[PDB]
Amino acid sequence: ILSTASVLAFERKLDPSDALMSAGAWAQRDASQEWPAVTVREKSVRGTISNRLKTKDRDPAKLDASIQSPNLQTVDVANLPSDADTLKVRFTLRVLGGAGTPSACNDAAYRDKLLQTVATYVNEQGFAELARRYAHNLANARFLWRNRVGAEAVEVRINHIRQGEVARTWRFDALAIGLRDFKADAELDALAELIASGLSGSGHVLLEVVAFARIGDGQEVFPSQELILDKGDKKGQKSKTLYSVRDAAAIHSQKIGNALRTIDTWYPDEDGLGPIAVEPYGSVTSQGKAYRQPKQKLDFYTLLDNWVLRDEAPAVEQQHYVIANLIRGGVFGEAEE
Amino acid sequence: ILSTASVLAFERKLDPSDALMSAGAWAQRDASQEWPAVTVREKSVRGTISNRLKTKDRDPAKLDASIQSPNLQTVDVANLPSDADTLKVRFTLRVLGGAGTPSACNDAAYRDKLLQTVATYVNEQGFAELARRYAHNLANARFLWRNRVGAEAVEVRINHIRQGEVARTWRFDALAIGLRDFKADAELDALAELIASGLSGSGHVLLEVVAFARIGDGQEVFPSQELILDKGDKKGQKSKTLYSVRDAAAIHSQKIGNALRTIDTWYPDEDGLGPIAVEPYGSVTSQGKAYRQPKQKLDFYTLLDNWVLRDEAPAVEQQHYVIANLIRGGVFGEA
Amino acid sequence: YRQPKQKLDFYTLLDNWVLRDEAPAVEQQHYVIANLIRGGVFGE
Amino acid sequence: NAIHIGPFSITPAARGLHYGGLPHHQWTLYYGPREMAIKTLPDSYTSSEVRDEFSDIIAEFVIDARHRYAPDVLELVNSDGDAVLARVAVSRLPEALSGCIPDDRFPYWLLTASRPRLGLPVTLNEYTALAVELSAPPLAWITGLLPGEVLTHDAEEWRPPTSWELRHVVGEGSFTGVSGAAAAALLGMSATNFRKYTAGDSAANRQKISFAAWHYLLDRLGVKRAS
Amino acid sequence: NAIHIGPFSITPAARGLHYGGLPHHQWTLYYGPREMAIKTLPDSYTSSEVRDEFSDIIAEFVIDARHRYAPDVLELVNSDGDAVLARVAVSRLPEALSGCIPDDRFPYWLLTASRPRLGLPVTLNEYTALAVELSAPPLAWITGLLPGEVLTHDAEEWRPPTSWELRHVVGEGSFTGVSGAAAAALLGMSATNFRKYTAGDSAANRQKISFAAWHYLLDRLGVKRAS
C-alpha cells in the first residue's frame, strides 16, 4: 500500500573546499607558510601522426604527405620550481551530520518511515565503520591522484580547529597505510571517533588537511584539467587548460570528494581490484564498466526499496553501502532518465 | 447585496533591498567597511548517470555506453577566499504602514466595509503580535538560507537610521533563538514595538541589517540562481548561473521577503512541524502540499469573505493570519 | 619506415601477438615493449 | 471556452482589453501543467485562426521531441571497418557487446553508431535473429513522453493511464493522428464504449482501461513492440 | 472418471470384464469428437499408468502435426544461385514474387525453398525489412489446428473460442505447456478470474474472453505474431 515518493533529494555531507598547490624543499615542512604558489605557463608542441588509420588511408603517398604538414599546438603546463622537491596541498573539510533528513519529499509517511529506518540503523551500529573508512582515506594521500604515484615519501598533517586555534593534531606516513585495506590504529581510531561524532550531530567539526609529497627537482605536477570550447577553430589554439584560483594551480573540489568516498569493498565482482567510490550502479569510468548492475539485486534503488517498503533489511555491509550513498547525497525519484 | 469587488489589489509592506555578500576575518567584524566582495567564477564538471533509469534492468549495455561517454558542463560557483572565514551579508528594510487601504477597487461600499473592519481589528489589538513574530524572524538569521546550516557562530546587528546616522543599535546571537518557537526578551520587545510603531502609521522607520556567519576558509557560499532556459540542450555547456549585482554575489529580494514572513503557526494540521510562510492556500513547494485547503474553511479567501460579507469574525489567530496576508499584498480578484 | 603495408608496424604486430599468439622475433618484441614504455593513445 | 489539440490546451483570459481601438483577448497555450506561449488576439476570430496561430509552435515542439527521443542505430560492416552494408534502428541493446575494433578474423561485424563503438561479430543468420527480436516501431519516440510506470510489462507495477496521457495517442490532435472511431474498431468495440474511456474523470462516468487492451493498443499503433 | 490431457480425453467403458482371471476395463482416447485408440487395461492401475499407456500416441500425433503445418522458408542467395547465405521461416509471402532465375545483374536474390522457385532481388536492407515484417513465431504450427474464424484480425467476423479450443494453448496438457497461473500472470489477472474463462459452459458460470485479451495472449505465447 505504501508507495514511494515522487520527489526526493538529499544535500551532501562531507563538504570540502578546493585544494591549491604550493612548493618548497623538504625539512622546511614545519615552516611552510610562506612557500610560494605553483603557477601555470604555456609552451609549444609539435606532434607526429601516431594513431590508427582507416583502410582508405595507408596508401604511403598520403601518409608521407600527412607527415609533411605538421600540427602546432599550445599547451598549459605546471611544474615545480628548479630548486625545490616537495609539493604542498591544502584544503579544509566540514562534516555536517543529520544524514537522515531529506531536503524535499512528497509523502510524509515515506519520510518518517525512512527516518525511523535510519534511526534503527544508527541505534544498532554507530557511525564507527564508515568513519573508520573515511579516516583511512584521509590518512593515505588518496586525494593526490597522479601526484601520489612514483613519489618518494609522503606525509600528511591534520589539525582539528574548533575555535580560531588548533585543538588536536595528527601526523601520518601515507604510503605506510595501503590503498588496498583497512587496518586499525589508535590515532586513526581517535580521528574516526571525532568524525563519527560529527556525523551523528553531536558536535561541530572542522578540519584542515595539509599534505607534503616528495617528487624531485623541476618535475611535473598535475592539477585538474578544464574544458575548452571552440566552434570551428583555426588549428593554432590551445589544446589543454588547467584550473587555477587567483593564479595558483588547484584541484576541483569534487575531485577531492570523489577521492574521499572510495570505500566500497562490498561489490560482488571480486576482491583483488580494490575499493571503489560509492555510487548508485557503482561504476568507475576508467574501466568503463558498471559494478552493481541492476539485473543483479545489488544496486542502490532496489536495496533501498526492499529495506523501506517491505522491510527486508539486507546484510550489514549492504546497509553500510546504502547509508554511505545517503551521506553522499543526490537526486532520487521521478526525474528519471 | 454587497458582493466582492471584481478587481482589487494591495501593495506590499516590509520592502527589503538585495543582499550583498562579502568576506573577511572574524573578530575584525567591528571594522567591516572595507571587506572585499565575493565574486562568482566558472569551473568544469564531468559526471556520470546517477538517476533512476526509465527501463529498470532491461539493458545493461546502454548503461555502459552512457558511462563511456559522460556529460560535460560549465557551472558557476562562489567561494570564500582561502584566508577568510566569515561571510558578511548586508541589506536594508523599509516599513510603510497604512495596511488596510487597497490600491485598486470597484465598489466603494466594499472598500468602506473593508477598511472599517481593519479599523476594528486595529482597535482591538495593535500590531504587537505580528511585530513580535517579525522581530523574532529577524533575530535569528533565517534569511541566510543554506549558509546558516552547520555554521559555528552567527551574530546579527541592526541599526535604526532616521537622519544620516544611527539612532539605536542591537546585537544578538542567532543560535540562541531557535527556528522553532517565539519567546520574549526585552531587547526583542523594544525592536518589536519599533516595528509596530512603523506599521501603525505613527512614523517612518528604516533599518539596516548585517549578519556574520563563521563558516571556514575557502568554503562554499550560496547566492540565488537564474534561468538557463533553452541553453542547456544543444551542447549543454553552461548549466548554472548565480545572481550578481555589479560583480558581487547577491541574493534576490523576494527570497529574503519569503524568509521574513515565516510566522504562521496556526495552520490546522500540526504544530510540531514549525512555522511556515503566509500564503493564500498556505503551501510549501518543497513538500508539494498545500495546507489550508479550501475544503476546510481555513484558507484566506473564504475567511475574508466570511468576515466582510457575512460579518462574523473568525478566531483571533485567524485574524492574525488574514491581517498578515493583507500586509503581504498581492492581487485578489476574479480569475 | 615501418610502413604498414609491410607487416612491421606497431599495431599489426601487437594484434598478431595478443590475439592469434603469433609472437614475433625478439627484436620486434623489444620494439613493442619500448613503444609501450613510451606511452600514448591507442584507440580508434 | 478552451480548445483542445491532443495534449495541448488553449484558453482565453476572462477579461479583454482594447488595443488600437479594437477589443482583444489574451490566450495561453498549455502542455499539461506547463505554460508555453502567450499571445494577444482580437475578437472576431474563429477557432481555426486561433489554431493556426499556434500550429507552428506545436510543430517545432514535435520536431524537437522527435529528434531527442530517437532510438539507437546499429550497423553491419565487413571485415575492413568502413562501408556499412545495412542499418537498423533498435529499441534495446543486444546485451553481449563490449568495445571492439573489427579485424580480418571474421567477415561480418555488428557495430553501434555512437562513437566509442562496442560491436560484435556475426554471421548473417544471428543478425537476422537480432533484427527480428530487437527492432523498433516507426513511432517509438512517443514513449519518451510517457511516465514509464504506464509502460512496464510487469503487471505488479503497472497503473492505468489518465486521460491526459491517453490523449497522446488517441484523438485527431494526438501524435499518431488516429481517430477514436478507428481505435475503437482496432479493439473490436463500439465508439461509445471507447468514448467511455476518455471522459476525463472516473466520477463523471469513466472507466480505467485494462492491462491487455492498453498493451495491445500500443502494439497495433506502432508505438511499442510489445512482444 | 475421465482424464484430461490438454484437448485429449481418456474415458473408461462403464462395465468391465475378466481376462485371464483378472478384472479389466476398456479405455478410449478421444481428440474432440474423434476416437483414436482403444486399449484394455486391468484395474489396480493408477492414473499415471493410464497416462503413459497413451503418451506415445500423443507424441506421435504431435510430431505429425508439427511437420504438416510447418511454415514456409525463404533463403538468401548470391548471384550464382547456389550457396545459401541465410534462411528465414516466414508466415506469409512477400506478395511481389514471380518465378525467377538469378543472374549476374544483381548480387543478392531472395528465393523460396519450394522447387519451382519464385524469387526476388534485394539489397540487404529491404531484406531486413521483410525479415522484421513477415517472420514467424516459434510455435506457429498450432495455428493449423484452429478454425481460422477465431484467428482473424477483423473484429466483424471474429467469434470467441470455446473451452476445447482454449485448451490447445493453456493448461499443462496443452502444446505450449504453460500453466493457467502463468497465463493469468501474463494478462495481469487473478488465477480465479482466469479459471472463470475455462469452466466449460457459460451456463455454469463461464464468460467469453475479449478480442484484445485473446489476441494479446496469442502474441505473448509465441503462437501468432499479431502485429
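Residues numbered from 1 in each chain as written, not as in the entry; some residues may be left out. Chains lettered and ligands numbered in written order. Part of a larger assembly, values for the part shown. Heavy atoms only, no water. Residues with missing side-chain atoms left out of burial classes, pairs and counts.

Method information in the entry identifies cryo-EM as the source of the structure, with 3.2 Å recorded as the resolution.

A.B. asks: Can you walk me through the overall build of chain D in this structure?
C.D. replies: Scanning chain D from N- to C-terminus turns up six helices and eight strands. Its helices and strands in sequence order give chain D the pattern β-β-β-β-β-α-β-β-β-α-α-α-α-α, from N to C terminus. Against the 2.2 N^0.38 benchmark of 17 Å for 227 residues, chain D shows a C-alpha radius of gyration of 23 Å, more extended than a compact globule. For chain D, the spread of C-alpha atoms along the principal axes amounts to about 80 × 45 × 25 Å. (Helix = DSSP H or I, 4+ residues; strand = E, 2+ residues; numbered from the N terminus. Rg over C-alpha atoms; globule rule 2.2 N^0.38 Å.)

A.B. asks: What's the story with the overall build of chain A in this structure? I'm lost.
C.D. replies: Assigned secondary structure in chain A consists of seven helices and twelve strands. In terms of principal-axis extent, the alpha carbons of chain A reach across some 70 × 60 × 35 Å. Contacts in chain A between residues far apart in sequence, at least 24 positions, make up 73% of those at least 6 positions apart. (Contact = heavy atoms within 4.5 Å.)

A.B. asks: So what exactly am I meant to see when it comes to the pairing of strand β6 (residues 72-77) of chain E here?
C.D. replies: Along a regular strand, successive side chains alternate from one face of the sheet to the other. Residues and elements named next belong to chain E. Bridge count between β6 and strand β7 (residues 86-90): five bridges; the pairing is antiparallel. Paired with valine 73 across the two strands is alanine 89, which belongs to β7. Both β6 and strand β8 (residues 109-112) contribute to a ladder of four bridges, which runs antiparallel. Its bridge partner lying in β8, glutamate 75 is registered against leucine 111. (Pairing = 2+ DSSP bridges.)

A.B. asks: Got a minute to help me understand the interface of chain B and chain A in this structure?
C.D. replies: In many analyses, interface size is given as the accessible surface area lost on bringing the parts together. Taken together, the contact between chain B and chain A spans 37 residues of the former and 50 residues of the latter. Summed over both partners, the interface of chain B with chain A comes to about 3700 Å²; 43% of that surface belongs to carbon and sulfur atoms. At the junction of chain B with chain A, the criterion picks out two salt bridges. The closest approach of N and O atoms between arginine 12 of chain A and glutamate 220 of chain B, which form a salt bridge, is 3.6 Å. Our count for the contact surface shared by chain B and chain A stands at 18 residue pairs in polar contact. Listed by contribution, the elements that provide at least two residues to the side of chain B that touches chain A are β4 (40-47), α1 (60-68) and β5 (71-78) of chain B. The leading source of residues in the side of chain B that touches chain A is α1 of chain B, at five residues. For the side of chain B that touches chain A, the per-class residue count stands at ten nonpolar, 15 polar and twelve charged. (Buried area = accessible area lost by both parts, 1.4 Å probe. Salt bridge = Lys/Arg side-chain N within 4 Å of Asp/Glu carboxyl O. Polar contact = N/O pair within 3.5 Å; in protein donor to acceptor, adjacent residues only side chain to side chain. Nonpolar A, V, L, I, M, F, W, Y, C, P; charged D, E, K, R; others polar.)

A.B. asks: Just to check I follow, could you spell out the sheet that holds strand β7 (residues 86-90) of chain D for this structure?
C.D. replies: Sheets are built from strands that pair by backbone hydrogen bonding, the pairs being arranged parallel or antiparallel. Residue and element names in this part refer to chain D. Taken in spatial order, the three strands of this open sheet run β7-β6-β8, and their pairing is antiparallel. Looking along the sheet, the strands with just one partner apiece sit at the ends: β7 and β8 (109-112). The mean inter-strand angle of the sheet, taken between neighbouring strand axes irrespective of direction, is 30 degrees. (Axes fitted to C-alpha atoms, helices over the stretch in contact; angles between N-to-C directions.)

A.B. asks: Sorry, what's going on with the arrangement of the chains here?
C.D. replies: Looking at the six pairs of chains with contacts, the pair that accumulates the most is chains A and B. In this view chain B stays clear of chain C, with the nearest C-alpha atoms of the two still 13 Å from each other. Contact between chain A and chain E is absent, and the least distance between their C-alpha atoms amounts to 18 Å.

A.B. asks: What is the right way to look at the sheet that holds β8 of chain E in this model?
C.D. replies: All names here are of chain E. In space, the three strands of this open sheet follow the order β7-β6-β8, with antiparallel pairing throughout. For this open sheet the edge positions go to β7 and β8, each flanked by a neighbour on one side alone. If you compare each strand with its neighbour and ignore which way they point, the axes differ by 30 degrees on average.

A.B. asks: Where do I start with the packing of aromatic side chains in this structure?
C.D. replies: The geometry of two aromatic rings is summed up by the distance between their centres and the angle between their planes. Under the defined criterion, the tally for this structure stands at 35 aromatic pairs over all chains. Look at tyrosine 301 of chain B and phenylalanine 332 of chain B: their rings are 6.2 Å apart centre to centre, the planes differ by 80 degrees, and that puts the pair in the edge-to-face class. Of this pair, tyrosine 301 of chain B sits in helix α6 (residues 300-308) while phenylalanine 332 of chain B is found in the segment after β15 (330-331), placing the two residues 31 residues apart along the sequence. On the accessibility criterion, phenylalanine 332 of chain B (9% relative accessible area) is buried. Plain terms: the ring middles of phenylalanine 8 of chain D and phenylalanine 61 of chain D are 5.8 Å apart, the flat faces sit at 80 degrees to each other, and that makes the pair edge-to-face. (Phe/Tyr/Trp six-rings, centres within 6.5 Å; stacked < 30°, edge-to-face > 60°. Buried < 20%, exposed > 50% of the residue type's maximum accessible area, 1.4 Å probe, protein only.)

A.B. asks: Sorry, what's going on with unusual backbone geometry here?
C.D. replies: Most peptide bonds adopt trans geometry, and most residues besides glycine take a negative phi value. The phi torsion at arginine 292 of chain B lies on the positive side, around 55 degrees, for a residue other than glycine. Even without a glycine there, the phi angle at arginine 2 of chain C is positive, about 50 degrees. With respect to the secondary-structure elements, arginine 2 of chain C resides in the segment before α1 (10-18).

A.B. asks: Would you explain the environment of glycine 329 of chain B in this entry?
C.D. replies: Secondary-structure assignment places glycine 329 of chain B in the loop between α7 (316-328) and β15. Look past the residues within four positions of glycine 329 of chain B in its chain and what remains in contact with it is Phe10, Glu11 and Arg12 of chain B.

A.B. asks: How do you make sense of the side chain of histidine 168 of chain D when you look at a structure like this?
C.D. replies: Residue and element names in this part refer to chain D. Locating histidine 168 in the fold gives a position in the loop between α3 (163-166) and α4 (180-187). Classification of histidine 168 as buried rests on a relative accessible area of 1%. In this structure the side chain of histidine 168 is engaged in a polar contact, spanning 3.1 Å, whose partner is the backbone oxygen of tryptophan 164. Setting aside residues no more than four positions away along its own chain, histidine 168 makes contact with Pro7, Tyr31, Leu145, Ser174, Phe175 and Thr176.

A.B. asks: Which parts of the structure should I look at to understand helix α1 (residues 47-68) of chain E?
C.D. replies: Every α-helical turn comprises 3.6 residues, leaving residues that sit three or four positions apart pointing alike. All names here are of chain E. Across its 22 residues, α1 extends 31 Å between first and last C-alpha, which sits within 8% of the 32 Å expected from 1.5 Å per residue. At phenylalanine 54, α1 shows its largest kink, close to 40 degrees. Looking at α1, one finds that the buried residues are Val50, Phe54, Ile58, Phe61, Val62 and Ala65. Buried residues along α1 sit against β1 (3-5), β2 (8-12), β4 (22-31) and β5 (34-42). (Expected span 1.5 Å × (residues − 1). Bend = angle between axes of the 7 residues up to and from the residue.)

A.B. asks: How should I be thinking about the pairing of strand β9 (residues 205-214) of chain A in this particular structure?
C.D. replies: Residue and element names in this part refer to chain A. With nine of its ten residues buried, β9 lies for the most part within the structure. Sheet analysis places strand β6 (residues 86-95) next to β9, joined by ten bridges and oriented antiparallel. Each bridged residue has a counterpart across the sheet, and for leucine 87 the counterpart in β9 is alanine 213. As paired elements, strand β7 (residues 154-161) and β9 share seven bridges and run antiparallel to each other. Its bridge partner lying in β9, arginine 157 is registered against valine 210.

A.B. asks: Explanation requested: a nonpolar patch on the surface in the structure shown.
C.D. replies: Where nonpolar side chains cluster on the molecular surface, the patch consists of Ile33, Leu36, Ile37 and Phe42 of chain C and spans about 400 Å² of accessible area. Its location among the elements puts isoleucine 37 of chain C in helix α2 (residues 26-38). (Patch = residues over 30% accessible without salt bridge, like charges linked within 9 Å, V, L, I, M, F, W, Y side chains within 5 Å. Areas by Shrake-Rupley, 256 points an atom, 1.4 Å probe, with all protein chains shown as cover.)

A.B. asks: Just checking my understanding: could you explain the pattern of salt bridges for this structure?
C.D. replies: Pairs can form between side chains of opposite charge whenever their charged atoms are close. Across all of its chains, the model carries 47 salt bridges over all chains by this definition. With a shortest N-O distance of 2.6 Å, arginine 328 of chain A and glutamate 279 of chain A are connected by a salt bridge. Of this pair, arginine 328 of chain A sits in helix α7 (residues 316-328) while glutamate 279 of chain A is found in the loop between α5 (253-260) and β10 (283-284), placing the two residues 49 residues apart along the sequence. As a salt-bridge pair, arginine 58 of chain B and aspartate 57 of chain B come within 3.2 Å of each other at their nearest N and O atoms. On the basis of relative accessibility, which here comes to 37%, the residue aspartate 57 of chain B falls in the partly exposed class. Because the salt bridges share partners, they merge into one network encompassing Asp30, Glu155, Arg157 and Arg171 of chain A.

A.B. asks: What is the right way to look at the domain arrangement of chain A in this model?
C.D. replies: Residues and elements named next belong to chain A. Domain annotation of chain A identifies domain 1 (1-11 + 99-126 + 263-337) and domain 2 (12-98 + 127-262). In this structure, domain 1 and domain 2 have C-alpha centres spaced 29 Å apart. In this complex, domain 1 contributes 28 residues to the contact, which on the side of domain 2 involves 21 residues. Only α2 (108-124) and α7 provide two or more residues apiece to the side of domain 1 that touches domain 2. The biggest single contributor to the side of domain 1 that touches domain 2 is α7, with five residues. A class-by-class count of the residues in the side of domain 1 that touches domain 2 yields 14 nonpolar, nine polar and five charged. (Domains from an automatic or database assignment.)

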